[PDB]
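Enquirer: Heads up: the sequence lines are chains p, k, n, i and o, in that order. For the first sequence, the residue numbers in the deposited numbering are 3 to 29, 33 to 58, 68 to 141, 162 to 193. For the second sequence, the residue numbers in the deposited numbering are 24 to 103, 130 to 198, 201 to 211, 235 to 305, 319 to 339, 346 to 643, 647 to 693. Under the deposited numbering, the residue at position 90 of the third sequence is numbered 90, and the numbers go up by one with no gaps. For the fourth sequence, the residue numbers in the deposited numbering are 17 to 57, 91 to 141, 151 to 331, 338 to 570, 651 to 738. For the fifth sequence, the residue numbers in the deposited numbering are 3 to 32, 50 to 200. The C-beta atom is built at its ideal place from N, Cα and C for all residues, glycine as well.
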Amino acid sequence: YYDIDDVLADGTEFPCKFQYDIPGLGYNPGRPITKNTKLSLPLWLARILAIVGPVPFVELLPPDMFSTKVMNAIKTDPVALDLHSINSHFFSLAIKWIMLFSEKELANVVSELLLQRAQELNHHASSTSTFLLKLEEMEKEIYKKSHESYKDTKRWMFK
Amino acid sequence: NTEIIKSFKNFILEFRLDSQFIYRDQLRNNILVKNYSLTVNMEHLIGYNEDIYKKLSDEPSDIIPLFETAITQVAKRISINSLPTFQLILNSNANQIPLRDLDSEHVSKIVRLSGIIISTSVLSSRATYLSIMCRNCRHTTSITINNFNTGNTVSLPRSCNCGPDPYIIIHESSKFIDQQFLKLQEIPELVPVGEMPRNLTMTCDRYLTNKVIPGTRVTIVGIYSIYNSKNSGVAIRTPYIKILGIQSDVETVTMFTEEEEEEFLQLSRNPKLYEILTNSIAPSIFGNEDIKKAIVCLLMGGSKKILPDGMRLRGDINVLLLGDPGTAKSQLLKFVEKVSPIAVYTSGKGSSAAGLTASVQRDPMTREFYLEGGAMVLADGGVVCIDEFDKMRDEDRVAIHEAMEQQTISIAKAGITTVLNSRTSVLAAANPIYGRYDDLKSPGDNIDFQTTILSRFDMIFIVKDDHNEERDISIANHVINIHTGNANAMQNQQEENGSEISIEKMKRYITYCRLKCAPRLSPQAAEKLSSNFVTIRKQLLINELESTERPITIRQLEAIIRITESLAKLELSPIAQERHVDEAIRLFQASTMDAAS
Amino acid sequence: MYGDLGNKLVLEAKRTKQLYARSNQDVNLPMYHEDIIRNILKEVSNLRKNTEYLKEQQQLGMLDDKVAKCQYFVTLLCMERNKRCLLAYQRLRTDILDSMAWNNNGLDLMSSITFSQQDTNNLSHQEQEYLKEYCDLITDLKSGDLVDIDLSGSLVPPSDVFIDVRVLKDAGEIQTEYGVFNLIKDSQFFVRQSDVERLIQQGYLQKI
Amino acid sequence: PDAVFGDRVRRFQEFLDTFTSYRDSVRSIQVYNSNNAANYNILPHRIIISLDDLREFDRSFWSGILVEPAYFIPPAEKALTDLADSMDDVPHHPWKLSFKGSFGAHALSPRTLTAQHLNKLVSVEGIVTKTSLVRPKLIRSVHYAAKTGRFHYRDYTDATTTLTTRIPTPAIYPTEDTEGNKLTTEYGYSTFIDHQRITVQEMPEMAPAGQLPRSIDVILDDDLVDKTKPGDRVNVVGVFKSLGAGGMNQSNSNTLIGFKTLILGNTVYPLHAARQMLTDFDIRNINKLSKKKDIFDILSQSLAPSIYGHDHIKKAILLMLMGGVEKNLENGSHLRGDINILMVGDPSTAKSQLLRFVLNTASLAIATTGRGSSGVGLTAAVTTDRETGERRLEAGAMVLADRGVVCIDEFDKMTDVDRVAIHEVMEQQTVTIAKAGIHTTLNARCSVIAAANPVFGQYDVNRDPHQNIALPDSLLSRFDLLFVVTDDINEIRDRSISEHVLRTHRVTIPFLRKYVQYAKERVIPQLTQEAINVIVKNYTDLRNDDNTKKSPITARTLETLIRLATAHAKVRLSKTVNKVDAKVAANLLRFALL
Amino acid sequence: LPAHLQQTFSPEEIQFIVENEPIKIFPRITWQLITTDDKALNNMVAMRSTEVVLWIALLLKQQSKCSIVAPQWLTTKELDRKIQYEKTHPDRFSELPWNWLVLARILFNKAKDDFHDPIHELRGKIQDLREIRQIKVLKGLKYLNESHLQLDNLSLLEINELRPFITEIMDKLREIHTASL
Ligand SMILES: Nc1ncnc2c1ncn2[C@@H]1O[C@H](COP(=O)(O)OP(=O)(O)OP(=O)(O)O)[C@@H](O)[C@H]1O
Ligand SMILES: Nc1ncnc2c1ncn2[C@@H]1O[C@H](COP(=O)(O)OP(=O)(O)OP(=O)(O)O)[C@@H](O)[C@H]1O
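1. With DSSP collapsed to three states, give me the class of residue 28 of chain i.
2. By the criterion of Cβ-Cβ separation under 8 Å, what are the contact partners of residue 402 of chain k in chain i?
3. Does the distance between the C-beta of residue 162 of chain p and the nearest non-hydrogen atom of ligand 1 fall short of 7 Å?
4. Residue 42 of chain k CB to nearest chain o CB: under 8 Å?
5. I want to check one thing, is the minimum distance from the CB of residue 330 of chain i to the heavy atoms of ligand 1 below 7 Å?
6. Where does residue 166 of chain p land, buried or exposed, given buried means 16+ other C-beta within 10 angstroms?
7. To the nearest angstrom, how far is the alpha carbon of residue 428 of chain i from that of residue 663 of chain i?
8. Please classify residue 404 of chain i: is it buried, with 16 or more other beta-carbons within 10 angstroms of its beta-carbon, or exposed?
9. How should residue 320 of chain k be labelled, buried or exposed, when 16 other C-beta atoms within 10 angstroms of its C-beta is the threshold for buried?
10. At a cut-off of 7 Å, would you count residue 565 of chain k as near ligand 1, judging by its Cβ distance to the nearest heavy atom?
11. Shorter than 8 Å from the beta carbon of residue 161 of chain o to some beta carbon of chain p?
12. Going along the region 117-129 of chain p in order, which residues come within less than 9 Å of chain o, judged by CB to CB distance?
13. Does residue 163 of chain i have its Cβ less than 8 Å from a Cβ in chain p?
14. I want to see whether chain p comes within less than 8 Å of residue 10 of chain n, judged by CB atoms only; does it?
15. In terms of residues, what are the limits of the beta strand (DSSP E) holding residue 163 of chain k?
16. Locate the alpha helix (DSSP H) running through residue 6 of chain n, then write down its first and last residues.
17. Could you tell me whether any Cβ in chain n is nearer than 8 Å to the Cβ of residue 105 of chain p?
18. Sort k:263, k:378, k:386, k:389 by Cα distance to residue 147 of chain k and report the nearest one.
19. Let's see if you can read the secondary structure: which residues bound the alpha helix (DSSP H) around residue 275 of chain k?
20. So is residue 14 of chain o in contact with chain p if we call contact Cβ pairs under 8 Å?
21. Helix, strand or coil for residue 180 of chain i, going by three-state DSSP, please let me know.
22. Under 7 Å: does the beta carbon of residue 15 of chain i sit that close to some heavy atom of ligand 2?
23. Tell me which same chain residues have a C-beta within less than 6 Å of the C-beta of residue 385 of chain k, skipping the five on either side of it?
24. According to DSSP, is residue 654 of chain i part of a helix, a strand, or is it coil?
25. How do the region 585-592 of chain k and the region 402-422 of chain k stand: do at least 3 beta-carbon pairs fall below 8 Å, yes or no?
26. Could you tell me if the beta carbon of residue 420 of chain k falls within a distance shorter than 7 Å of some heavy atom in ligand 1?
27. Kindly list, in the order they appear in chain n, the residues whose Cβ is closer than 7 Å to that of residue 5 of chain o.
28. So what's residue 193 of chain i in DSSP terms, helix, strand or just coil?
29. Please determine, among k:437, k:167, k:470, the residue with the shortest C-alpha to C-alpha distance to residue 769 of chain k.
30. Does the region 526-536 of chain i come into contact with the region 439-458 of chain i, if we say contact requires no fewer than three beta-carbon pairs (one atom in each stretch) closer than 8 Å?
31. Using a Cβ-based criterion (distance less than 7 Å to any ligand heavy atom), does residue 416 of chain i qualify as near ligand 2?
32. So, for residue 707 of chain i: in the same chain, excluding its five sequence neighbours on each side, which residues have a beta-carbon less than 8 Å away from its beta-carbon?
33. Cβ of residue 27 of chain i within 8 Å of Cβ of residue 110 of chain i?
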């Protein structure tokens, strides 16, 4: 698949900095970029630039506010949370985070989250200015199939 | 007695029309997402329910909740403890005796009202499940208080072997329901002789509260029971309604069904909307094509930017209509009132322009100064409409200068100083200095001294009086068809059902299309309007050197960009284009020339 | 910054899916964004002549410097990052006209794929030769079956053998095979099952 | 008790590890308070329990605190206070809690009340505008039989224990215990506590437009009284609680609620959307950019990111907002050390634009909208009887203006009765009033920002530049800067405007608010003979050129001419009044006058 | 190329696999059937059973020359004993006819006016049993482990209704479990 769901999800930004000083700039004069300078990085190049060197080039700093000031909020009540305005996806960004990181700490704690969100979703499936709908919209695709199954299954079962 | 209970638990688990098994098929659907509520439907409920109501009419105030104990006992059958009690919602429709027959044969019978709700109180609490302690003997019991005869259905007795009235209300194991005391007002059209309208009071339960905003048409069905307050002659009491269910019309908070939007998308792909509305908006208006297009863009509006800094832009447009008497600027304004979601109509004499926005007064309880009234705070999201902008000089201009252009007032009267929000949209229709002389002299003499209001509004029409001998005779042919014969009421009903749009369809899709899409104009248009303005200012600049003064300043240039954003809300496209924007200036280029001649 | 227009390119690609796949089968595919893809065809042109300068200096200037190797990677990576989107929008374009090509693959005057979206019927006229190369290929798949099996429609299973069907919006005399049914205007039938399958998908009969 | 006490004791062994990191903290805070009190020749009992130490490893004990918060908190106190004595008993007041953390979806905006969580933990935010009185209250008085020398003991329970609805004691003070001894009471060993109610409005931006703001109220205790100035973005957390008898205490009880909403809470916090602690890093960088000799100009251009030009206006706002000092005269009247600028301009020329975004970075300076009811600087003797026998001079609008800024509009579109009030508060820092009560001189450090419009359209050039608004010169003489905004039409000027509005329908702010609020805490030079020698020469030539030209200036204008340069050195963050500051002060007035 | 309903069955063919099962009739009539799975008989005798496939018998009922016998568990005195073995056993469902829900809906179109008093009793005694199954299914999925389930007695219909969501939740959590190591 050409992956139209997440090719934009790697289009999002990500703040990290350098370890070396490189004259390769495309961001606009002053072609030497000084080291340890915090730069907004798109996920695609930044994923492999933290790999290619021994010592890689980009200082991968963790955006630990996407670690510590939300691990607490999801370790309390997984019912109505801001899962969305902090990150327009919470799923593949968590996937491609853990591939470089490989730490089972938060890899346990979102595994608690999903079944709890799923526990709402099935038994929410039988049949307002800016922020609110997309709480109800990141869940949409995941169940847009599901209640459309229940919709026809009544319409055969009755007359 | 009891056993009625057995006549209904053995009745709602099987009532159906032909093989759909509906009430279990919705209660199951209603215990899941938490609402805990019912409705009733048609006739046999009526057919034998009168045979129950011939033993419920005697007191439909205590054995109405004898329904309520039943459905909990069918609820636990669909569970297998955290189980609340339920509520009821009714339906009935034959007519509406407005406010006439209200003491003789209507104590504790089912009534139906049509009114306009005006005033909401703050919430409160009464209990429904308590726990009770005897003082020195320490008895423990629990009493439930379900339906009412306001307070004091039953009291607390003296028997625990401890002393008299030893009973106290703990707050550890208690539930609560909320009441309203919202006030109802008579719809001002049904009983005209010479009278002034009256008013009643009512309460409700929590799973039907906060469902109304002030300024709406509404209908309601409920009881007409009587309380007795001891804060006037013999022992007289007062009337009030105990409501049951508001099967209202629309809200006029964006949840609705899906087949509504299906036709809307099926209509919005046909690209004839801009021309077909101008015939179908006002079925009683001869032409007036430049003015008519200004109204549809006024009703929907643009957007609002809270862009990542401190300040903000104002996403709205505000028009004026000044001209000779007999050019239908008046009766056009009643026409926007019914079609708007929220509309008020205060169009006359300003009505004490300091008391237009805010009022404070002493209080019957605690002698306090709190905020009560306003014409603007009622009218947010929608459109107001006023007139007579010649003979108000007192406070009408000093009250709208702050109310417009930033839409952020704060009252600094004796109590609070709070910046309450406002997102209003104004409209006015004045007279010039008897019309003809302002079109037969130097083009001044419109407002008595100041033009500073005129820079605050962008769109200005200046109509006039021609003498074209073929357009009047059609008009004289027009209005006799609409006065008597009512043949165009049969004609426009004949072009309705495939080509035109009635009034009740226009209202519902405007609130849908505004509250879904969010436009933005394309950067290819940025070269277009910039090249437009520099000669527009120059056309003004060539006029000032000829000793011709007055008014154009830069609010209009940031008003055209809202105008071109307006039809983008109409087409519901997330961009804006060039055939989009060239028709937009074609409305405003026409209104630049009349600003000079 | 770099692949920014491709982000909003694939963003409006998301709208084309949700328009079709939620409402109904009737596609009315919007437009091809030649104006949008000409912008990224301009940036890929400027980016390509950027690296051949450093391909020219890597033997003469910095002398295959480690900095220059990373400077090749950003120019390498931003190419293919752009390359990922521009075909993905290209595939989701062509993976929905096939559904138009399948359901009306020839049932009644096939090569009349006219009276159909004239503002985009010149757009997909460059894709018509792609489209008809489905249509030519779908013909020999109909004939290359060693027995006669229908491949044009009839996807819902049959239930009964007698179905009341009404007609409207149609005239003339059709159905020369399987016995002529003599279609007059606004007159219902009461027939067997297998005949009307080639006419309901044709869209002449209306209600089951 | 065994069932209701067992999970107390099992918690009594559980939470002792949940203060492994606080059992140091709770004794370190008192050992010096025990020390300094013995060598004078002070803090309450705050034990902040986080969520984290009670959610990582207890679940049954957890959700009891967020479902039934009535059988758990006096367990947590009683097991706390023994650790106070088991740690500290050798040297010769209950230590209640605060409970900070997150909550997981209990940010009930009080426009909404709850059906789910009544009698539970609630997090509430908003603004307070009531600020009622303070009044002590007894909890325990000790009696003493003066004959036979023996003592007694008595505690009074009330609606203040926050949780247990005990049998009340409808009594004030008893006499004659079961003896023939006249009872004596020791008041030094009788303990007291205070009691203060405050009403909280709604944050009037996130409540959607269908209603006026609503309100509820909260009873707090001594530990955070006088912390709540009226006009603070406060955020409280406490228990939800009903009290009062509804339906039985009077008979027939028809349509009378008897269930008052109360919050018996703890631990308020001011928020900001005064306490901004910065590290060594940012405090050093702000000195590092202080080393540049251009940063007065960069701050001018980095303020209003929408509007072209007006750099004379733009430097003035940041000069005014940061503020110039007033050195009070010892046994003498202090002078004006406030600064008070004014604007006027022909309409739609961004005169009200920059007036509303000074309120976002205001640093606790909440202004009005200039609606000129009597109350702009006064009280109007509003007491509301304050529970039958208390009369209070309720603060109208100057308790918010103190060491802050205000802004009001529409001067000529006002009556007379506000203009007499703005006379007093400008010539004098204080108002003093005796309406039906007490003469009281309460102090105020204010600084107005003005906005008016000319009367007769575009008539400024063809007539006198003066009298152009003709409001009384009592204020014009008390003001200094009358910027007259031009709107001249040039084809390169407007073309530049046209794209810049268009480019924005789609050096930082929080660093800027730190820099000024750090610069209110640095020392004030005032002292260099060199800079005072040049400015008086700079005065004298225009003292020859004020009277034969446009506008006569006075001696108080010299007190500006120190004050602008005095604040201009506050931008420099130095203690030497340089020379370079005196050149921008002269040049700013030269555009203001010519 | 359906591209519409691919990952599961539509509800119109789940009846198609069950209609090809045989039941018993009471024939009436007297070459006849050469339908490649036929067992045509001679002049057929009434008052006797015969295992006949379903879909031809529904067609044989429209011309109305035969009659149907209900299967042996379709009395109200039989279904009651099913509701007791489950109400004492909240662990799972006990005893299942395996195609019961789709079997009744075919049986209520001129296959209901033949049997001895089933109206106002049978739809009573079925629609209760549908939800009691699905109340049981709501407690089960909350207990979801990794990659191992226990569904013992489910109708084919709920299998067509639990299907299109139960995959991609456990599949998406299969990633974060496996890509963690
Ligand atoms: N262009 C028009 N098309 C249809 N009807 C019109 C038009 N202009 C006026 N009328 C009719 O005039 C009738 C009475 O309107 P009226 O005479 O009150 O206007 P008016 O209020 O005097 O105008 P003005 O507001 O300028 O004073 C209405 O029934 C309306 O139908
Ligand atoms: N001189 C200016 N330069 C740039 N933009 C301006 C200027 N004047 C007005 N604008 C634009 O016009 C909009 C509103 O201006 P504003 O309403 O503040 O005028 P005003 O200061 O209120 O005048 P008045 O008080 O007389 O109504 C702003 O969004 C701003 O971008």
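Expert: By the coordinates alone:
1. Correct three-state label for residue 28 of chain i: helix.
2. Chain i residues near residue 402 of chain k: 369, 370, 421, 653.
3. Taking 7 Å as the cut-off, one finds no heavy atom of ligand 1 near enough to the beta carbon of residue 162 of chain p.
4. Interface criterion met: the Cβ of residue 42 of chain k is under 8 Å from a Cβ in chain o.
5. Answer for residue 330 of chain i: no, Cβ out of range of ligand 1.
6. With fewer than 16 other Cβ atoms within 10 Å, it is exposed.
7. Straight-line spacing of the CA atoms in residue 428 of chain i and residue 663 of chain i works out to 16 Å.
8. Per the 10 Å Cβ criterion, buried.
9. Flag for residue 320 of chain k reads exposed.
10. The answer is no for residue 565 of chain k.
11. Look at residue 161 of chain o: its C-beta is under 8 Å from a C-beta on chain p.
12. Here the close residues are 117, 118, 121, 122, 124, 125, 128, 129.
13. Answer yes: the Cβ-Cβ gap between residue 163 of chain i and chain p drops below 8 Å somewhere.
14. Yes, residue 10 of chain n lies at the interface with chain p (some Cβ there is under 8 Å from its Cβ).
15. Unbroken beta strand (DSSP E) run through residue 163 of chain k: 160-168.
16. Start and end: 4-23.
17. Cβ-Cβ to chain n under 8 Å: no for residue 105 of chain p.
18. Scanning k:263, k:378, k:386, k:389 for the CA closest to the CA of residue 147 of chain k turns up k:263.
19. Counting along the chain, residue 275 of chain k falls outside any alpha helix (DSSP H), though it belongs to the beta strand (DSSP E) covering 273-277.
20. Interface residue, yes.
21. DSSP places residue 180 of chain i in strand when its eight states are reduced to three.
22. The requested residue 15 of chain i does not occur in the structure, where chain i is confined to residues 17 to 738.
23. Residues of the same chain with a CB within less than 6 Å of the CB of residue 385 of chain k, apart from the 5 flanking positions on each side, are 371 in chain order.
24. For residue 654 of chain i, the three-state secondary structure derived from DSSP is helix.
25. Judged by pairs of C-beta atoms under 8 Å, the region 585-592 of chain k does not touch the region 402-422 of chain k, as fewer than three such pairs exist.
26. Yes, Cβ of residue 420 of chain k sits closer than 7 Å to a heavy atom of ligand 1.
27. Going along chain n in sequence order, the residues near residue 5 of chain o (Cβ under 7 Å) are 99.
28. In this structure, residue 193 of chain i counts as strand in the three-state DSSP scheme.
29. Not covered by the structure: residue 769 of chain k. The range shown for chain k is 24 to 693.
30. Counting C-beta pairs closer than 8 Å gives fewer than three between the region 526-536 of chain i and the region 439-458 of chain i, which falls short of the contact rule.
31. If you check the C-beta of residue 416 of chain i against ligand 2, you find a heavy atom less than 7 Å away.
32. Within the same chain, residue 707 of chain i has close Cβ partners 388, 401, 403.
33. Going by C-beta atoms, residue 27 of chain i is nearer than 8 Å to residue 110 of chain i.
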